[PDB]
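For reference, the structure discussed in these notes is given below.
Just so it is clear, none of the values below were taken in a lab; they were calculated from the coordinates. Note that we place each Cβ from the backbone using ideal geometry, even for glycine, and neighbour counts take in every protein chain shown.
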Amino acid sequence: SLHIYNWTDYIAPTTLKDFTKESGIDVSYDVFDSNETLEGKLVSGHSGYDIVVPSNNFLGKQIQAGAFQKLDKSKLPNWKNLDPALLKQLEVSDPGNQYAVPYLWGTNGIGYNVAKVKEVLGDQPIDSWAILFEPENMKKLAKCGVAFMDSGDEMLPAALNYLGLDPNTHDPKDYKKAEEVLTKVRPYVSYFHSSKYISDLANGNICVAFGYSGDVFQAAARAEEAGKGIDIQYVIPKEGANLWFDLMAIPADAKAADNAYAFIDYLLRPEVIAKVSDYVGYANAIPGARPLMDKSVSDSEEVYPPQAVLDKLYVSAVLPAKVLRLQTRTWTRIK
Amino acid sequence: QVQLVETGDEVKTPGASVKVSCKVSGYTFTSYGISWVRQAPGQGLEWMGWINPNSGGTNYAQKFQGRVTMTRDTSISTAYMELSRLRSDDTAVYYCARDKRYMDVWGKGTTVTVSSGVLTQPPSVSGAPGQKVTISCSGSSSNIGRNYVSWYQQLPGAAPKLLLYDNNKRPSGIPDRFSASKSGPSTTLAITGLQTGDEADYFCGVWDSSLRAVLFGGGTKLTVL
């Protein structure tokens, strides 16, 4: 059998049924909504997952602590289906691509109910992070519900890049500014949660939330399926936002190590990952899979952004552990 | 080399039914999609449907679902489109294009003649040799606004060619003069050292994420003096 720990809403429904059905290997699917939740289980140590999926910065600190056995790439033949230029971008956390295979990647930004926003904000354009980070905008959007992510790794590097500071700064003076920005709009945040906005956007409970690329595209497509006239949209603000990459990695204390390789060779297939991305709303690392994908996903500039959009997006860096504590303190101070 | 070869050519009665085969050569057939672009005489390109040759997926333009059917013998690397209430209208050349989001290699087109009984784009521009000229194409948040765009150049009597992809990328061969720009819901092609050989119809093509079709521009005819 095989045990997996992946994000919420991050796989097509029949991907597993197809896998077991082809290979015979029965799967157990466990889920988490933040990077910290996963990272916490990893130092617990005895978390018995054969396949876990961190983000690009989190992966690098967990390598430097020896959590994931090396990749026996002899058992990953479809490894060459991977974008060569994607891999090299992620040597900054995994040198020489030794431990982690890419899965899905995307951005993060604003997801909003167009009707309920313009109702409370008029024709003001939703294009600046100042929608969420300015009290004069938030004080009114607060009747309609705003949702931040419960993670200092998302909320704080976003507030930094909003003011124009370095989102990967090590400076306590900077986090000071970002802190007292967030703590001036906190009275209007209806909750901090990295996942329960997807459903909460489609059902009209909130009208704006800090969200991920596909999370919102999911939330939108969920909304119209319900067929009640909820227009959910996703807009990467003008100040840019966080670009990231999630990668699958086999822990050291894992035991279905072979089964884990087979499941990862079946997701390097340009056919399957298409079905995954087509459903979840995130771009994958298999270039051969785009010609096979639903166009509205494989053609979207917010799913697959162009360079001009990229050339102003920050990639979270492997921060010194001194600084991570400044994050966690500052973010818990906002609580 | 990479080519699609299309069917024989076919005269058909107003109640009928036509099948157009399309055989691909010299590329992993199951790797790229396939697209059907119809063109009535004297008018523009029209999206019909897209078939995923790997999984049999069928995206029919809403105008044709209920009358079109798209299939594929993977064994013999071909695709099939069947219209099924041939009308005084459908008289057209039926082109067949390898779809990699855009359509880089086009077939040569099959003609159906049935006899018995969108995107605001300007209709034509006229320019002098040497000068620069522009062609716009205005969509919406559903289309030019959200998704990547493709520009196609149809020289006289020829099947459409790929001029630009990925909002503004040039295929090997398309020279420097041809480049596109993009703001909000508009993409504006602009040819610079306007030669004589550039006399043609130019079409923008995007995917409208709400209608679920590859919306073409009405087309502009370019006459160079």
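Worth a mention:
- Set A:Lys139/A:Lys335; A:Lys80/B:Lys100; A:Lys196/A:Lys312; A:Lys143/A:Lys184; B:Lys100/B:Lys169 screened for pairs whose C-alpha atoms are more than 25 Å apart: A:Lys196/A:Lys312
- Selection from B:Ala158, B:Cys137, B:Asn147 lying farthest towards where the dipole of the stretch B:124-224 points positive, charges on Cβ: B:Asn147
- Mean-square fluctuations from a GNM of chain A, with a 10 angstrom spring cutoff on Cα atoms, peak among A:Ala130, A:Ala226, A:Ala178 at A:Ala226.
- Counting only DSSP H runs of at least 4 residues, each contributing -39500 (n - 2.57), and dividing by the residue count of chain A, the helix-based mean residue ellipticity at 222 nm comes to -12000 deg cm²/dmol.
- Most simply put, the protein assembly as shown has about 80% antiparallel DSSP beta bridges, counting only bridges with both residues inside it.
- A straight line joining the Cα centroids of the stretch A:49-65 and the stretch B:52-71 runs 42 Å.
- Distance from the Cα centroid of the stretch A:278-325 to that of the stretch A:28-42 is 21 Å (rounded to whole angstrom).
- Here is the P(r) of the protein assembly as shown: all C-alpha pair distances, binned every 20 Å from 0, give 19, 48, 29, 4, 0 in whole percents.
- Options A:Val276, A:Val309, A:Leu319, ranked by Cα towards positive dipole end of the stretch A:253-335, top entry (Cβ charges): A:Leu319
- For the stretch A:131-159, the residues whose amide N sits under 16 Å from a probe point set 7 Å from the Cα of A:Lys196 along the beta carbon direction are A:145-151.
- Sites B:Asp104 and A:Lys80 - FRET efficiency at Förster radius 25 Å, r taken between beta-carbons, to 0.05: 0.65
- The stretch A:188-235 versus the stretch B:177-209: alpha-carbon centroid distance in Å: 36
- More than 25 angstrom apart: percent of Cα pairs within the stretch B:106-225: 24
- Extending 7 Å from Cα along the Cβ direction at B:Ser31 and again at A:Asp72 yields two label points whose distance is 3.0 nm.
- By the beta-carbon count within 10 Å of each Cβ, the least crowded to most crowded order of A:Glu180, A:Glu136, A:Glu271, A:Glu39, fewest first, is A:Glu136, A:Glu180, A:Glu271, A:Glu39.
- The stretch B:3-114 - share of DSSP beta bridges that are antiparallel (%, nearest 5): 90
- Each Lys and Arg contributes +1 and each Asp and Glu -1, all at the Cβ; summed about the Cα centre of the protein assembly as shown, the dipole is approximately 460 debye.
- The Cα atoms of the stretch A:192-335 cover 46, 45, 33 Å along the three principal axes, with the biggest extent listed first.
- Simple spin-label estimate for A:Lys143 and B:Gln62 gives 3.4 nm between the two label positions (7 Å along the Cα-to-Cβ direction from each Cα).
- Hull volume in cubic angstrom per residue (convex hull over the Cα atoms of chain A): 128
- With a Förster radius of 41 Å applied to the C-beta separation of A:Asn203 and B:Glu199, the computed FRET efficiency comes to 0.15.
- Residue list for the stretch A:23-64, given a label point 7 angstrom along the Cα-to-Cβ vector of A:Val323 and an amide N cut-off under 19 Å: A:35-36, A:55-64
- Taking a Cβ cut-off of under 13 Å around B:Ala200, the surrounding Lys, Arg, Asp and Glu residues balance to a net charge of -1, with basic ones at +1 and acidic ones at -1.
- Between B:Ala158 and A:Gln89, the simple label model (points 7 Å from Cα in the Cβ direction) yields a spacing of 3.5 nm.
- Choice from A:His170, A:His193, A:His46 with maximal GNM fluctuation in chain A (Cα, 10 Å cutoff): A:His46
- Chain A: relative contact order as a whole-number percent, Cα under 8 Å and 6+ apart: 28
- Stretch gain in nm, segment A:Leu310-A:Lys238, where the contour uses 0.36 nm per residue and the Cα spacing is subtracted: 24.8 nm
- Only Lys, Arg (+1) and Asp, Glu (-1) charged, at Cβ; chain B dipole about Cα centre in debye: 340
- Taking the charge dipole of the stretch B:3-114 about its Cα centre, with +1 at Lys and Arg Cβ atoms and -1 at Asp and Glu Cβ atoms, the residue from B:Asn52, B:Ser75, B:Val114 reaching farthest to the positive side is B:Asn52.
- Taking 0.36 nm per residue of sequence separation and removing the Cα-Cα distance, the A:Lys177/A:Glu22 pair yields an extension gain of 50.5 nm.
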